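# Reading the structure
What follows is the residue order along each chain.
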Amino acid sequence: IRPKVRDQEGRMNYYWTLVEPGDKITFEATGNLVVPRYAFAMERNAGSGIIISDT
Amino acid sequence: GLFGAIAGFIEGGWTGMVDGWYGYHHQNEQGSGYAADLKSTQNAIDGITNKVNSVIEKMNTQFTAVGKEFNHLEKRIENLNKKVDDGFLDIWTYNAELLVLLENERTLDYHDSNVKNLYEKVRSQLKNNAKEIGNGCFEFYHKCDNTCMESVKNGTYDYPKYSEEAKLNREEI
């Protein structure tokens, strides 16, 4: 019942991973899980970075 | 200056000289005009070229990135990253400003020496056949036509040719 933000005492910790081409993602749970709906097939390029600017 | 030629006995420069850095001005019966010294100008241009290249050639472009941000647990390393970036920033800024300030004075003194050696080469060539009137000028005690003028500039000047012609005018006064 930790201090609620946005009028929700419940929380949701978000995790991520990159499944390699030719691999399984065994999603096993008994409850309290939020499953993915849309995935993202991608090919990274370099480091680059994130520009935090309003320009 | 360091050699006392620029802003020294030669107080000002020539705006009409647009072909080189150092040169001569002649005034004979045929006419007058400006003419830059080829040997001093071309060597000076290459020397300053090498000086500039000696500074910027090794300063090559670098691939940069924003990098991973630091989480709450990554506080100590984040401070270390701030320490190293600031340390390199302070060193590079100090060295770049200091080098430019030191090399600029040496560059200015380099022109001073080049002008001075040009004056000495003419002064040693003419010897007694001319009068040092100051401001880098030489009033000839003899008759100097265009061929005589270029002979001094090319370095192929002959003192004995006008030795007696000048000596009569020297002993005149």
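Residues numbered from 1 in each chain as written, not as in the entry; some residues may be left out. Chains lettered and ligands numbered in written order. Part of a larger assembly, values for the part shown. Heavy atoms only, no water.

This entry lists X-ray crystallography as its structure determination method and reports a resolution of 3.25 Å.

For chain B, the PDB entry supplies the name Hemagglutinin and the organism Influenza A virus. The record for the entry shows the title "Crystal structure of 05.GC.w13.02 Fab in complex with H1 HA from A/California/04/2009(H1N1)".

Looking at the PDB entry, one finds chain A named Hemagglutinin and attributed to Influenza A virus.

### Structural notes on the overall build of chain B
Here is the rule we go by: By definition, any uninterrupted DSSP run of H or I lasting at least four residues is a helix, any uninterrupted run of E lasting at least two residues is a strand, and each is numbered from the N terminus. We compute the radius of gyration from the C-alpha atoms alone; for a globule the expected value is 2.2 Å times N to the 0.38, where N is the number of residues. Per-residue accessibility, obtained with a 1.4 Å probe over protein chains only, is compared with the maximum for each type, and a residue is labelled buried under 20%, exposed over 50%, and partly exposed between these values.
A tally of regular secondary structure across chain B gives 4 helices and 4 strands. Along chain B, helices (α) and strands (β) appear in the sequence β-β-α-α-β-β-α-α when read from the amino end. On C-alpha atoms alone, chain B measures out to a radius of gyration of 27 Å, which is more than a quarter above the 16 Å that the 2.2 N^0.38 rule sets for 173 residues. Taken along its principal axes, the extent of the C-alpha atoms in chain B is 95 × 25 × 25 Å. Out of the 173 residues belonging to chain B, those deemed buried represent 24%.

### So, the pairing of strand β3 (residues 130–134) of chain B
Residues and elements named next belong to chain B. Rule in force here: Two strands pair if DSSP finds at least two bridges between them.
Sheet analysis places β3 next to strand β4 (residues 137–140), joined by 4 bridges and oriented antiparallel. Counterpart to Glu 132 in the pairing with β4 is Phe 138. Between β3 and β4, which pair antiparallel one after the other, the connecting turn spans 2 residues, and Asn 135 there sits at a positive phi close to 60 degrees.

### As for the packing of aromatic side chains
Residues and elements named next belong to chain B. Selection criterion: Only rings of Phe, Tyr and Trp enter the pairing, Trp through its six-membered ring, and a pair is recorded when the two centres are within 6.5 Å. The plane angle decides the type: under 30 degrees is stacked, over 60 is edge-to-face, the rest tilted.
The final tally for this structure, using the stated rule, is 5 aromatic pairs over all chains. Look at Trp 14 and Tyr 34: their rings are 5.2 Å apart centre to centre, the planes differ by 15 degrees, and that puts the pair in the stacked class. Highlighted residues: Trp 14 in the segment before β1 (23–27) and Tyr 34 in strand β2 (residues 32–36), separated in sequence by 20 residues. Accessibility expressed as a relative area gives 40% for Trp 14, which makes it partly exposed. When its relative accessible area of 42% is taken as the criterion, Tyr 34 is described as partly exposed. Aromatic side chains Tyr 119 and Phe 138 sit 4.9 Å apart centroid to centroid with 15 degrees between the ring planes, which places their arrangement in the stacked category. In this pair, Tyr 119 sits in helix α2 (residues 75–126) while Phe 138 sits in strand β4, placing the two residues 19 residues apart along the sequence. Just as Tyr 119 is buried, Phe 138 falls in that class too.

### Structural notes on the environment of B:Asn81
All names here are of chain B. By secondary structure assignment, the location of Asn 81 is in helix α2. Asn 81 sits in the partly exposed class, given a relative accessible area of 34%. For the pair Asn 81 and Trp 92, spaced 11 residues apart in sequence, the C-alpha separation works out to 17 Å.

### Brief notes about the nonpolar core
All names here are of chain B. To keep things clear, this is the line we draw: For our purposes a nonpolar core is just a set of buried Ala, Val, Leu, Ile, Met, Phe, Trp, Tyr and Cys residues, chained together by side-chain atoms within 4.5 Å. Whether two residues are in contact is decided by their heavy atoms: any pair within 4.5 Å suffices.
Counting residues in hydrophobic clusters, the biggest one holds 18 residues, and the most contacted among them are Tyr 22, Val 115, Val 122, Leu 126, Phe 138, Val 152 and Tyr 157. Every element with two or more residues in this core is listed here: α2 and α3 (146–154). At 5 residues, the largest contribution of residues to this core is made by α2. Leave out the neighbours within four places in its chain, and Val 115 touches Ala 5, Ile 6, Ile 10 and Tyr 22.

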